[PDB]
Each structure stands twice: as C-alpha cells, then as structure tokens.
C-alpha cells in the first residue's frame, strides 16, 4: 500500500512540523487510527494531530517529557523521533520514506531527512503524483515489462527488410564510382545469425542489445554523479533516469537493416546521381518514422499507466516522442548525454579495439572527469553484460565471438535475456 500523497516541512508556531497529505479522507482516518493505536501499545505519546483537509501533522518534540516528534538537527536537517524503533518500522513504509529520502539508522528511533531532499520550510516531497490511477530497476516495473513485450513482439523479433538488403541496379552503379565509400554490401551485413535455438534476426540490434543498453543507463548515471564533477548529473533525479532507461527500449525498433549513418548518406547521394537528381528520403529518417509510429502506438494504449507515473504530462511525453531517434536522441542535455553514453558503451560488440578505444573510450573518460579507473570499471560491466547474453565482443576486454547457444536462448526470449543481465553484479562508486 501507499496511502500518503506527499509530505511538507511546515512551521506552525516556532516549532518545525511535518504535514502529511493523503489520497482519501478515509485513508487519513485509518492512518490516524492504526498509528495512534500502535503508539499507545508501546507506551508512546506520538504527537499525531489532525490538520487542514485530509492532512495530518507531526508536531515537534517535547523534551524531556515527550521526545517523540520533529526537531531540527544541528546540521540543519529535519529530524523525527519516533520514540521506539518499533514505531518507526510501522510508520515509514506507510508514508514511503526510504533511504533515498532520509537517514535511517539500524536499530534507532530517529530519522534525518536529507538536506537536498528537504532543505527547509515549505519544502515538499511527493510520493504519489496527483492524478495517479489505480491500475487493474525500472525494467522490472509493469511499465517497463509491457514496453519490453511491445518492442519485442512488434519490432525486434522480426527480420530486417529484404528491400533494404541492397540498392537497385541503378543506385549500385552510382555507388561503385566512389572509391572512398565502403561497398554497398554494408546494407546486408549482420542480417541474421544461426543458433541452436533458431535463426536470430538483426543480431547486432536485437532484444539483447536493447535490454543491455537500457540496463546500462542507471549504472552510468551513478558514475556520472560521482566522477563527472558536473552539477547537471549530480542533480539528476531517479525519475529522469527511469525515463531515459524507458526510452532506450525504443532505441532501435525503427531499423530495417544494419546500415551505418554514413552508408545511408551514400545511398541518398547515389540515388541522386542515378535518377537525374531526384530526392529520396534519408533511410535514417525512415527509421525515426518507424520508431515514432511504434512508440506512439504503445503510448496511447497505456497513456493512463505512463502519466503521471513516469511522464509528467502529455506535453513532456510529446518531447520524447519528437526527440526519439535511432540509437541516440542527439540532445546536449543531461539525459541526452546519459542515453548516448549507454549506446556508445555497447558498441564494443561491433567495433574493433582501436576504433572503440579512440572513438568511444576517450569520450567516456572525458565525461568521467578523466578518471580512467572509473571508465574501466564501467566498461568492464558492459563487457560482463555482453558475455552474460552470449553476444560477441571485439572492442574491449576479453574479446570473443558469439556464444551461439547462449546468444540464441537470450535473443529469442526477452525474459531469459533480462534474467541473465540481472545475474551480473553492478559496480560501485
């Protein structure tokens, strides 16, 4: 259960109090009943007083007669004494207060709200956003799970488009005139992979890649908080990280082959040189359209589940719908960089060591304040995820080809793939 909507650091009289909002009026009338009863069974006088509307107030402490209540710590943090550790374990889960919100010591009756979570008076902390419906690691959540099932069954389980396996005869002729261009056979590379479990489509951009990059996002975020030195990452909320993680599930669903951006540029120009300068839609533009169509499809179906639980509102959802692109969203924002780094890190599966080190590792190190040790620890984790899913690795660490048996089991079963990814311990900062 949740019960509590939000809590506020208020100041009735000179003493610091805590205003507790609730969903329903009866919910307040039950929180009041259960706690006051629990407090009287511990011989405690817990100052739980009815407030305005559906709110309850925890009055200040009354030393030495009644130490229970609120007070301001010497460090400035808001503290609440529950008298006994028994009462705290009975109240905190009903409110939603965890280690993320306050300092909760083992075998102790007093908690301390973090200074950056609840700085001073009139500071708020929402547990349940107003408008939250009653539905009848974020990858484990209901929203995450439904998104995984969607991108798998609607896009990632399907073969690449044979029409985009190679250009027509005309475009081929215009292509081969450029010696500086890689051959047009790049359009058909990494088409599929034979495994004992079955023929795996798009093996370089499948469910394994998708789940891996999504898995990397919260880990990279923590490293950025610790080693980047940039305030924008230090202020990055868990909510934002969840959205960034959620969006990476749709990162490559639009792809119709394993083309590079450069290959696509070459196709467009060769199309131009072959058909009297006629315009053709850039293939990566088609990819985006495909991904947007899929994303918007899933969104409108589960709009109630996503707003406001994950996305603030319909307009914020519009932002991501427009920003959605293949691989990276190419935005210079905090979230943008985070998602791009997760994408870049997984490129060790298809880049050679020289290419991956120079083009990707040097970037990551710079992002991490120049900390090479931190970068290695992060890259090692990405390497472990690739090994755990039987994928190939050619850009970092102990290089390997596909573990065909393991890769087949994971790539043809998102649930199994997700299970293997979770078997890998996350590195600490």
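Residue numbers count along the first chain shown, from 1.
Gap check for residue 169 to residue 170: zero deposited residues are absent from the model. Legend: mean Cα B-factor per stretch from the PDB entry, 1-9 versus 420-428; the higher mean is in 1-9. Mean CA temperature factor is higher for 102-110 when stretches 102-110 and 184-192 are set side by side in the entry. Of the candidates 199, 323, 207, 125, the one whose C-alpha carries the top B factor in the deposited record is 125. Reading the B-factor column for the CA atoms of 400, 62, 389, 371 in the entry, the top value corresponds to 62. In the PDB entry, residue 230 places in the middle third of its chain by CA B-factor. Per the PDB record, residue ranking by Cα B-factor puts residue 14 in the highest third of the chain. Residue 362: CA B factor in the middle third of modelled residues in this chain (values from the PDB entry). In this PDB entry, residue 346 carries a Cα temperature factor that places it within the lowest third of its chain's modelled residues. In the deposited entry, the Cα temperature factor of residue 77 places it in the highest third of its chain's modelled residues.
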